[PDB]
There are 4 protein chains.
Amino acid sequence: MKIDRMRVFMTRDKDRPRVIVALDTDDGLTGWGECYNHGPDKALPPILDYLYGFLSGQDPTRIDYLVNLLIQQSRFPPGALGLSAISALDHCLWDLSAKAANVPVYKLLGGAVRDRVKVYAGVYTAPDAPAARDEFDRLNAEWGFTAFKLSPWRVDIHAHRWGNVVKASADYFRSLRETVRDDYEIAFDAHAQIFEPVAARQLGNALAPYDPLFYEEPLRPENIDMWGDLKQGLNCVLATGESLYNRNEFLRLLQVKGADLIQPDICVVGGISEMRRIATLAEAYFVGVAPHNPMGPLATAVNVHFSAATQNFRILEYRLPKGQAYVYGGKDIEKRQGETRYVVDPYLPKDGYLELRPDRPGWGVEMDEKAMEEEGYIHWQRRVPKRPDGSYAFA
Amino acid sequence: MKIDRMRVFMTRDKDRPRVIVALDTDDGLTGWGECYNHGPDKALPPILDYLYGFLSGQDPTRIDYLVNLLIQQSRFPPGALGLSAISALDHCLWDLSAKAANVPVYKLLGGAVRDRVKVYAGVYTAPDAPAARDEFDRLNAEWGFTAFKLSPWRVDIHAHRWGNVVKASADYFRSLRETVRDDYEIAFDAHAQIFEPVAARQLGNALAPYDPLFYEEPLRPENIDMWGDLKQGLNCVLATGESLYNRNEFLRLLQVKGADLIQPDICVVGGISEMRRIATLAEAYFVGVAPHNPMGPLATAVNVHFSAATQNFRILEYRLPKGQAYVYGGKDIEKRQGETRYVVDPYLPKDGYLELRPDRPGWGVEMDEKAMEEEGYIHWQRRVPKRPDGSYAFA
Amino acid sequence: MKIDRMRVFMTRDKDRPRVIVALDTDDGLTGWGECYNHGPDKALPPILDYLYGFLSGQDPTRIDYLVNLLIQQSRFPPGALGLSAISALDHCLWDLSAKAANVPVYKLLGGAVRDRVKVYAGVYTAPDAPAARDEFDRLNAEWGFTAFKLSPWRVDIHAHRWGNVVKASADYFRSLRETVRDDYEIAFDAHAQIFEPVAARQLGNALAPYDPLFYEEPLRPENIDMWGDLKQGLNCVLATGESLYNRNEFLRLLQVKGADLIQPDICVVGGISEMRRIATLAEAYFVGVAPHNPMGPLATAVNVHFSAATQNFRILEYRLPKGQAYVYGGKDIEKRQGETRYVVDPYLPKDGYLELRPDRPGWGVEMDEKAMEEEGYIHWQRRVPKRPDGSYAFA
Amino acid sequence: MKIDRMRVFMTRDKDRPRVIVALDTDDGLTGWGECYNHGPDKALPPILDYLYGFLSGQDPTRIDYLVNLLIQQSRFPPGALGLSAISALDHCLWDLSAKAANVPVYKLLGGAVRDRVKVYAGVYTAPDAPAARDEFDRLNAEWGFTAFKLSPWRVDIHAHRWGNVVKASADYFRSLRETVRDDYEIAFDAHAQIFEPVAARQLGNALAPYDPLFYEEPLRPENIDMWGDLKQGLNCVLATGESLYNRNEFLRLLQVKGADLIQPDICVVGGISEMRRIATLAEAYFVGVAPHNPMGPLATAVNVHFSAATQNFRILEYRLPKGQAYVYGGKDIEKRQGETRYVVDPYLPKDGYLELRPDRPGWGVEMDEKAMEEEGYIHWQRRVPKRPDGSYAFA
Ligand SMILES: [Cl-]
Ligand SMILES: [Cl-]
Ligand SMILES: [Cl-]
Ligand SMILES: [Cl-]
Ligand SMILES: [Cl-]
Ligand SMILES: [Cl-]
Ligand SMILES: [Cl-]
Ligand SMILES: [Cl-]
């Protein structure tokens, strides 16, 4: 069969826009993909139109052949926006190929190496311990979650003395352990807001006695070598990588021993084609994979197949299709809710795992094209915090 | 004054599209910038619209404050397309600030450290020596060029035995030295088409006895460390960096001793704000700067000011506004010509240098808005070559 | 315009001599600079006379061109005294260039990236905690300081058992935390008095639990590599660099991971021309800048502009123009006071920050030439302490 | 005995100024020293006055005690000018101590380890081979020289294609070997005029087949690590160090394998006190010492004693007291002559060696105070060459 159409849907996932892509073939199949939402999503359709020129008329079962063509035609390494678009097209090609062979996508990735996919709940704020307990328990009662991710920050880190900022985080984690179920796993996402390796190490070591599931992305991404310096003398599990794009950025991170766990995003790195290479590198370095995934239900389905096939996969970030809207940080459980409807039958957790759908080819979800047509673009941007002297810090 | 409008012009530079950007202020000034042409230029206006939301109402003389805001709001490191747009906006801010202070832009960069800016002619093909001589001599007679850049490739590198490919390049360079003026400088751009460090070293060492001005970008960009391996035992000047984006990618390149000369592009890295940081790093490592610049006359003007202010600047890539259209490689002097008209009064070489315009504020060029309106977008894409087995290689 | 006169003022800043320099132009402008006081200040006028030979008749807006000429003419790297003189001349050139363009100096440095400049109070002694509290509170009431720097040394380090020396420092810091406001930041300057890296690490780790804002310059400067050894296994923020002179000494320090925060002095390194290069290197290594500044009000004004323009600037050392005379160490708040009068309208702190003067060109201060004429040279020298065996140790 | 007076003589050595220093004691002895001529020699007397405050009343036989005091009192590492003054005072202390004990200075340095001190003639220009032959032969006939140092540069290195510059140097050295006596040793001083390590390596390897005695100081001094990169793959003996100041700069150079031979200057590094430490470090790294010495006859006498006592000393730079005035580079044997008279009885070569004076205490020369009074200061400065684009390069 040959690729003969692309359809691009500008829709949304609660309060973030989302571009969803279909590739159709002359045998009547369709494969689906999800772009990351970097910010200016209206840039994605023209990128996709340009990339489609290299896919028209081609055999979609030549997945790596075509994805590599998309990478090579730019010559320059594609960045955030380009790779987001490439990611969605990679997803479409895997989905088409699996549908053509009448198998779940994981059968094209070496097969399932596990029966279900562990998830943690993206909570993302820093609520007081009793409120955290109640929310964790609610999530456990509904979906079986026993792993959760919070922000460590209990004050504005630029408006208080650093020792007090760190003590507030340590006291907070202590409180959580005194309050919530002993078996619950709690990760902290520092969200790339720390400048100095030494400061990141101090915070990590203050959290360490209370067993963070992982300590995610404390520093900025551009200098990879400094991650190796951070991790020397760090007593907790260090996770990073969500902001890295390709096999070679991850290779450098691994070579400097800059992470214990890596967190590539399958909508950011160029899809499964690149995600698999990244995970293979990590595996040889004895580093696990916890995919970054604040994206929507189609991205989640793509993650389910990658995660099911990858030996060194450990746990998957998960946001409920009906639930909390965008947030990072703050003293509350986020009040804003939304409902993401572009997947008819999203993967939902059972006992804190997503279960495979072995009798369904492709991703194992159906798309709701009417819902995508009903809900269009919405503007979304990050707030970059400021210091008291008026300078900008880090999102 | 405050920024109060952005105007975006989709135009062209011969057979490549070009997005040109104006930022206007409430005091009636306008600053101008040029985006790189990565490929899908129709992605640039929506990126620019999104970025402009962070610039509206701001003081354009706070250049680094605003450019850093544009970088930070994405959180992820911006890639090719995002940084292209950021580059043009950086240019606009320098131009506005210089116009506001009634000075040439170089006076905002520590002042001029040279009186004129050496250029080489972007010829880019591999014509037989007599034809090369005639073209070099024509360029010398008209503009005073004594430095030129060619492709080293005289055959399809994937369809002939490697030893013969390299011998053809060495024999070609020998012929050029037997044929053209003794004082002429000749650089070779291998255009990221070699996979293996050892192969890149073999070619460089075969060219070395004939004194290449530099040997540019033989390998792919993603693995930076391998450039240090290449350069160990390399007997000619090695240049790279055109495909690197930020201060930290260049820092890594410098740390591994992966280049003797770096070639960032002021329309790719985020403009002068980033270019200056990159050049400063290179300076401390005793590495010079030869900016990459196959772009148009506004990009050239931006380069003139950066180059005039930068101690470790050596030579600037230059394409004539009226002249040869796009080409890389091949046995001919390119037949296709074009005329780029969006700058009224482009910098032209005299004795092989661009001369400063000290009595004119800003970039020292006027824009032709009617010409930009007359000539719109044109589709352009790279050819990715194939090997005889049907696989894709490297653009 | 052209430089057409230099005027050199031998004056004083309380009990230290100070050489202040003016460069005049044939358009009637004057730019001002401040030399560091290394010791033999009577050496500075003849150095300045010699350097002026390279500046006479030149365009002062070619700042880096001229400063680099001053550096290159010596061939040998200039040391302390030479660079002190070069620093003042750099300041004069920035001031002239900014006055010529009718802008604050920061507009020549990429613009302001913050609205105000955080300062800490140079207290420098080791008073008992109640007296420290009272002095901190006085400084807070008057000027809004919430950050302070002390000496850690509570006894003669060469006349007591080392474990007891360190315990005295740790007990002192504990006392301070039990006594003074919880939000106060306290830095310790060990003043290059420790010989052995291991000893410096022991003291730093003893201070660490009480959150020193930074631990400054424990070791001597000549061996840069040993700073990387010190910092391995160090649990507090390490600051150094005040005794380093150029981009390459700082590059080495950064490469060995020998500091978390660097403290170049804008009157020591060759002025803004060099300070900016140093800060750029530190930025790429994710290291902040806390400029060293025990100098006077003109030096402070130069620092305000550099600090306002530098993203990775964190905090600025500050001495009040009317206040405490020279001191390092000891059990008292220094009794000797003085008044520095050569700047008419010095920057004073408000809420612990220096505020910009956006409507004033140049440094934004006026000079008092009569005050400089009234108060001349005074001899000043350091005491080099001795050990009980009669040997000399380290100032 | 106690130091009770310092006398400072501003004199000259042909066309360069020279500061000569005497320290007198209350037993009626006098020791003598020579400052390097960095440039602004009028800075030296005030530095010396300040330093003398630490020497007055002291026992001059406590040489290292006092020299280290002079170093420590500045706290900051002393630079060029400060160390020049310290050097002369170190010389005075060795001379006093040796006179007090009635021995030659070398008996205070572990004794003579050789009977005579090999010298090479500082010719410094690049005369055509027949003229070089005639000058070498003249020098051999008069003084027995068989070792000579030239500049390698036969054209303006910034105004000609680099391959042609290097070929001119190689062709020149070939010519010299075809023309002059087979036993003559010829060193080349590239005088810190090359920016790029790769370029320095290319020139060194082009000279290498003709056996340069050493290839001196091709690169700039500030980045020490790059010297290790240069020397990797270099086929000739590499010498540097004249522009380095202390034991730790030399330690770094040695650690990176950045030289085969080091060239500290006993008037630059702080005298014998520091020179001995430097040489000891080099010895352990199996690196020899060829002291830099374009200074005058007192500096030469100081060098004779250091060189006589130092196992890893190889050869000493030498300028005749009556002979060629200042020059570096150029196509001629320098026409300007002068006569340096402040030493009554300078060391002159015999068979190309300086001979010891074992029956004379101290340096073994007498000073001519009347000659110093007759010939005063003269202004001297370096020319910094320019490139054709108007930028400044390197002296
Ligand atoms: Cl449960
Ligand atoms: Cl729910
Ligand atoms: Cl010509
Ligand atoms: Cl033409
Ligand atoms: Cl307060
Ligand atoms: Cl006060
Ligand atoms: Cl002989
Ligand atoms: Cl003679």
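- This deposited entry lists X-ray crystallography as its structure determination method and 1.4000 Å as its resolution.

**Some words on the overall build of chain A**
Okay, step 1: A tally of regular secondary structure across chain A gives 11 helices and 14 strands.
Okay, step 2: Each principal axis of the C-alpha distribution contributes one length, and for chain A these read about 65 × 45 × 40 Å.
Okay, step 3: Intrachain contacts of chain A at a sequence separation of at least 6 include 71% that bridge at least 24 residues.
Okay, step 4: The centroid of the 47 positive side-chain charges in chain A is displaced by 3 Å from the centroid of its 54 negative side-chain charges.

**Here we look at unusual backbone geometry**
Okay, step 1: Phi is positive for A192(B), which is not a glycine, with a value near 55 degrees.
Okay, step 2: With respect to the helices, strands and loops of the structure, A192(B) is situated in the loop between β6 (185-189) and α6 (197-207).

**Considerations on the domain arrangement of chain A**
Residue and element names in this part refer to chain A.
Okay, step 1: Along its sequence, chain A is organised into domain 1 (1-102 + 379-395) and domain 2 (103-378).
Okay, step 2: Between domain 1 and domain 2, the C-alpha centre-to-centre distance is 21 Å.
Okay, step 3: Summed over both sides, the interface of domain 1 with domain 2 buries roughly 4400 Å², with 61% coming from carbon and sulfur.
Okay, step 4: Run the count over domain 1 and domain 2 and you get three salt bridges.
Okay, step 5: In this structure, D64 and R277 form a salt bridge, with 2.9 Å as the shortest nitrogen-oxygen distance.
Okay, step 6: Sorting the residues of the side of domain 1 that touches domain 2 by element identifies β1 (3-13), β2 (16-25), β3 (30-34), α2 (63-73) and α3 (80-101) as the ones contributing at least two each.
Okay, step 7: Ranked by residues supplied to the side of domain 1 that touches domain 2, first place goes to α3 with 13 residues.

**Some details on the sheet that holds strand β2 (residues 16-25) of chain B**
Residue and element names in this part refer to chain B.
Okay, step 1: The three strands lie next to each other as β1-β2-β3, forming an open sheet whose pairing is antiparallel. Because the sheet does not close on itself, it has two edges, and the strands there are β1 (3-13) and β3 (30-34). Recorded for the sheet is a direction-independent mean angle of 20 degrees between the axes of neighbouring strands.
Okay, step 2: Across five bridges, β2 lies against β3 in antiparallel orientation. For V21, the partnering residue across the bridge sits in β3 and is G33.
Okay, step 3: Sheet contacts for helix α3 (residues 80-101): β1, β2 and β3; angle to β3, the most-contacted strand, approximately 150 degrees.
Okay, step 4: Relative to the sheet, helix α10 (residues 297-309) contacts β2 and β3, its axis offset from that of β3 by approximately 105 degrees.

**So, the relation of the copies chain C and chain A**
Okay, step 1: Rotating chain C by 90 degrees about the axis while translating it 0.0 Å along that axis superimposes it on chain A, leaving an RMSD of 0.0 Å. Each copy turns onto its partner about a four-fold axis. The C-alpha atom lying nearest the rotation axis in chain C is that of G233(C); the distance is 5.0 Å.

**With respect to the state of the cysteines**
Okay, step 1: Inspection of every chain in the model, using the stated rule, returns zero disulfides over all chains.
Okay, step 2: The thiol of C92(B) is not disulfide-bonded; the next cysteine sulfur, from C35(B), is found 8.4 Å away.

**Quick word on the relation of the copies chain B and chain A**
Okay, step 1: When chain B is fitted onto chain A, the two copies agree to an RMSD of 0.0 Å after a turn of 180 degrees and an axial shift of 0.0 Å. With respect to symmetry, the two chain copies, as superposed, fit the operation of a two-fold axis. Measuring from the rotation axis to each C-alpha of chain B, the shortest distance belongs to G79(B), at 1.7 Å.

**Observations regarding the pattern of salt bridges**
Note that side chains of opposite charge can pair when their charged atoms are close.
Okay, step 1: Throughout the structure, instances matching the rule amount to 134 salt bridges over all chains.
Okay, step 2: What you see here is one network of salt bridges that share partners, running through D64(B), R247(B), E274(B), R277(B) and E283(C).

**Describing helix α6 (residues 197-207) of chain D**
All names here are of chain D.
Okay, step 1: Most of α6 sits inside the fold, with nine of its 11 residues counted as buried.
Okay, step 2: Among all positions of α6, only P197, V198, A199, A200, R201, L203, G204, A206 and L207 are buried.
Okay, step 3: Among the structural elements, α5 (162-179), β6 (185-189), β7 (215-216) and α7 (225-231) are those in contact with the buried residues of α6.

**Here we look at the sheet that holds strand β2 (residues 16-25) of chain D**
Residues and elements named next belong to chain D.
Okay, step 1: What the three strands build is an open sheet, ordered β1-β2-β3; its pairing is antiparallel. The open sheet terminates on both sides in strands that have one partner only, identified here as β1 (3-13) and β3 (30-34). For this sheet the average axis-to-axis angle between neighbouring strands, irrespective of direction, equals 20 degrees.
Okay, step 2: In the packing of helix α10 (residues 297-309) onto the sheet, the strands contacted are β2 and β3, and the crossing angle to β3 comes to about 105 degrees.

**Considerations on the side chain of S169(A)**
Okay, step 1: Here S169(A) is to be found in helix α5 (residues 162-179).
Okay, step 2: Apart from the residues lying within four places of it in its own chain, the contact partners of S169(A) are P152(A), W153(A), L203(A) and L207(A).

**Considerations on the interface of chain C and chain A**
Okay, step 1: With 25 residues of chain C in contact, the opposing surface of chain A contributes 19 residues.
Okay, step 2: In terms of surface lost to chain A, no three residues of chain C exceed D211(C), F286(C) and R314(C), which account for 37% of the buried area on that side.
Okay, step 3: Counting across the chain C and chain A interface gives two salt bridges.
Okay, step 4: The tally of links from chain C across to chain A stands at 11 residue pairs in polar contact.
Okay, step 5: The residue makeup of the side of chain C that touches chain A, split by class, is 10 nonpolar, three polar and 12 charged.

**Remarks on the interface of chain B and chain A**
Okay, step 1: Contacts between chain B and chain A engage 53 residues on the former and 53 residues on the latter.
Okay, step 2: Ranking the residues of chain B by area buried against chain A places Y50(B), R75(B) and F76(B) at the top, with a combined share of 21%.
Okay, step 3: Where chain B touches chain A, the interface holds six salt bridges.
Okay, step 4: Among the ionic pairs, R75(A) bridges to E217(B), the shortest N-O distance being 2.8 Å.
Okay, step 5: Counting the contacts that link chain B with chain A gives 18 residue pairs in polar contact.
Okay, step 6: Contributing elements (two or more residues each) for the side of chain B that touches chain A: α1 (44-52), α2 (63-73), α3 and α8 (247-255) of chain B.
Okay, step 7: Residues that form the side of chain B that touches chain A fall into these classes: 24 nonpolar, 18 polar and 11 charged.

**Re the packing of α5(D) against α6(D)**
All names here are of chain D.
Okay, step 1: Two elements in contact, α5 and α6, have axes separated by 9 Å at closest approach and are oriented at 30 degrees. In terms of orientation, α5 lies roughly parallel with respect to α6. Note on packing geometry: the crossing formed by α5 with α6 is right-handed. The residues of α6 that touch α5, namely those facing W162, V166, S169, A170 and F173, are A199, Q202, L203, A206 and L207.
Okay, step 2: Split by residue class, the contact of α5 with α6 holds eight nonpolar, two polar and no charged.

**Observations regarding the packing of aromatic side chains**
Okay, step 1: Under the criterion given, the structure shown has 62 aromatic pairs over all chains.
Okay, step 2: The positively charged end of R16(B) is found above the aromatic ring belonging to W380(B), 3.8 Å away from the centroid.

**Things to note about the environment of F394(D)**
Okay, step 1: Mapped onto the elements, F394(D) comes out in the segment after α11 (369-374).
Okay, step 2: As a C-alpha pair, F394(D) and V21(D) span 373 residues in sequence and 31 Å in three-dimensional space.

**A look at the packing of α1(B) against α3(B)**
Residue and element names in this part refer to chain B.
Okay, step 1: Relative orientation of the contacting elements α1 and α3 amounts to 60 degrees, with a least axis distance of 9 Å. In terms of axis orientation, α1 runs oblique to α3. Considering how the two elements wind past one another, α1 and α3 form a crossing that is right-handed. Residue-level inspection shows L44, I47, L48 and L51 of α1 in contact with α3, the latter providing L81, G82, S84, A85, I86 and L89.
Okay, step 2: Counted by class, the contact of α1 with α3 contains eight nonpolar, two polar and no charged residues.

**A few points about helix α10 (residues 297-309) of chain C**
The α-helix advances 3.6 residues per turn, and as a result positions three or four apart in sequence lie on the same side.
Okay, step 1: End to end, α10(C) covers 19 Å across 13 residues, agreeing with the expected 18 Å (1.5 Å per residue, within 8%).
Okay, step 2: Counting buried residues in α10(C) gives 13 out of 13 residues, a clear majority hidden from the surface.

**Topic: the side chain of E334(B)**
Residues and elements named next belong to chain B.
Okay, step 1: Note that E334 resides in the loop between β12 (322-324) and β13 (337-339).
Okay, step 2: Residue classification places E334 among the buried positions, given a relative accessible area of 14%.
Okay, step 3: In terms of polar contacts, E334 uses its side chain to reach the backbone amide nitrogen of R336, at 2.9 Å.
Okay, step 4: Setting aside anything within four residues of it in sequence, one finds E334 in contact with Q324, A325, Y326 and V327.

Analysis parameters
- Residues numbered from 1 in each chain as written, not as in the entry; some residues may be left out.
- Chains lettered and ligands numbered in written order.
- Part of a larger assembly, values for the part shown.
- Heavy atoms only, no water.
- Helix = DSSP H or I, 4+ residues; strand = E, 2+ residues; numbered from the N terminus.
- Contact = heavy atoms within 4.5 Å.
- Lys, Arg positive; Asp, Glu negative; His and termini not counted.
- Charge placed at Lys NZ, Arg CZ, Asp CG, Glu CD.
- Domains from an automatic or database assignment.
- Buried area = accessible area lost by both parts, 1.4 Å probe.
- Salt bridge = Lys/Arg side-chain N within 4 Å of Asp/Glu carboxyl O.
- Pairing = 2+ DSSP bridges.
- Axes fitted to C-alpha atoms, helices over the stretch in contact; angles between N-to-C directions.
- Least-squares fit on C-alpha atoms.
- Disulfide = S-S within 2.5 Å.
- Buried < 20%, exposed > 50% of the residue type's maximum accessible area, 1.4 Å probe, protein only.
- Polar contact = N/O pair within 3.5 Å; in protein donor to acceptor, adjacent residues only side chain to side chain.
- Nonpolar A, V, L, I, M, F, W, Y, C, P; charged D, E, K, R; others polar.
- Parallel < 35°, antiparallel > 145°, perpendicular 65-115°, else oblique.
- Left-handed = near helix turned anticlockwise from the far one by under 90°.
- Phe/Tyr/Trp six-rings, centres within 6.5 Å; stacked < 30°, edge-to-face > 60°.
- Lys NZ or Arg CZ within 6 Å of the ring centre and 35° of its normal.
- Expected span 1.5 Å × (residues − 1).

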